[PDB]
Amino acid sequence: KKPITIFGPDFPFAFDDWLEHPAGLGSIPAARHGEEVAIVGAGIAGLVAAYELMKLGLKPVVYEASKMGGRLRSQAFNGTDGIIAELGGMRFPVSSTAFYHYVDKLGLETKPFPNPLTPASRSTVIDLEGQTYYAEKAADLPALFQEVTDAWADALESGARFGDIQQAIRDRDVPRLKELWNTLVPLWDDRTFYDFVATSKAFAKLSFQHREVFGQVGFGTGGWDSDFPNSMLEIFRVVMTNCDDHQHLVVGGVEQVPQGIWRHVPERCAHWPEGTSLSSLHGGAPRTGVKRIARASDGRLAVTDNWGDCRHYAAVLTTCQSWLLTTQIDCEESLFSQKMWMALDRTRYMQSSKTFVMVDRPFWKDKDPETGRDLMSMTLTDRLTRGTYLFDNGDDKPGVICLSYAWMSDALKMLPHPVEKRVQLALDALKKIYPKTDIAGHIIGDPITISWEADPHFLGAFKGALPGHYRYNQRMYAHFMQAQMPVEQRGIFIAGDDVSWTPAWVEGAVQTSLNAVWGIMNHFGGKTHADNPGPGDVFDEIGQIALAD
């Protein structure tokens, strides 16, 4: 059967094909080769855009105020080799084909993420209202869980034509996908996931306890209460495109993706010599942080860095989170329309906390001889840890445990504590669920924790779309199409997690980056190959619908 991929629904453009096509992403007039283009941010969107723009014969100049890779971050444990903790993105649905084009281009290895109730996870434990349920396969779980999923499946079918939409994504039936999706947009934009569940027949006839459980752990593979405040359109996008299943981690860390792009020598270059990489073009590193972006008197854009070095560019791509433009960067008002500023100012963020420890061996695989249970499991609970993940690197090698993976309030509970106290609170809660298991006695190396908002170069882990925010996301997603814009707003671009329709998923950032690649190519008078048309070529036809005032 034809695979689900992140194919629209909003802009069902075949990004994978475009990348894969042997003609390449187009060209720029030789008169403009070597000319510079500024990119704010060295995250995935920034680097992808830079790598392809280098390939088209430009010299991208990448600015990074903090850490390379952005929210793709793999930190090594003390004293080990290649045993990492994933601090940002960690599980990558195979439906993320544009993302995976670069994984494979770098020849990196992946393996299935140990999600609850998947072949990759041996067992799962669900812990609710002080009671514990053990499961080696879904069916082992009590009846209430199956009832929960049936209502979910039923609510999606009733309320979204889920099956029709999934089929249209599989066959890449564009007119059909847009027909289905377009009738949904004005009906769910301004309603939350909460309202979805509240007004669905299936959930209504179930108990309050059923709903409660659905929020905490879903039907036993992960909960939904962090997402409840979101526009129901966001949630649809996630489940429709199977973002939530068949996921992989990158072996040795997904940070290798942005680090590898940086150092990768493409087989073919416009203008540039053999062996040119983003790294060689920069002398090894991106520029420091951007502090100011202004319209210069000669028409160009002035980018001043933290150290006062001011440079002039025909174009600038920003990928830093939207609120930074309006607070931390001095970004001149004339550079965006009044309605673009309002879209950027209304982006909201979800909070995330994760805490990791390394262990001497995957002791959790050991069986308790009394009960036949694994000593520990992929753990879902209403206690403060929420989610606990188990990473086996072999019996031969040390294991990693993500003790706690929380969002929103639960992440806010962890925010003010030092690492030590987070690890201790987690271990306490895990003692309650597994009173006989001695996790602490297997722990080696240093603990590793992360709170994203706590970083000054981030506002949260990723955006979450509020109800009614379709129009703001729509203006942002279309910002790379500049034919109709006043001159004073052109030549600046945006891309990234904020611009994407599926914010907590790395593919949306890659996709938005590629749209920007086209917007920038176009801005330098370039165009796509006739047999490999690009985002801007088809966007007025199949692009995200616009809503009437």
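Each residue number is its position in the shown sequence, starting from 1.
When the mean C-alpha temperature factors of 209-217 and 242-250 are read from the deposited coordinates, 242-250 comes out higher.
In this entry, the higher average B-factor at the C-alpha atoms falls on 271-279, of the pair 473-481 and 271-279. Based on the entry's C-alpha B-factors, the most elevated value among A155, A76, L106, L317 belongs to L106. Taking only the listed residues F336, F236, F196, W323, the entry reports the highest CA temperature factor at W323. Looking at the C-alpha B-factors along this chain, the one for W224 belongs to the middle third. When the modelled residues of the chain are ordered by their C-alpha B factor, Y134 lands in the middle third. When the CA B factors of the chain's modelled residues are split into thirds, the value for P503 lands in the middle one. In the deposited entry, the Cα temperature factor of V40 places it in the lowest third of its chain's modelled residues. In the deposited entry, the Cα temperature factor of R170 places it in the middle third of its chain's modelled residues.
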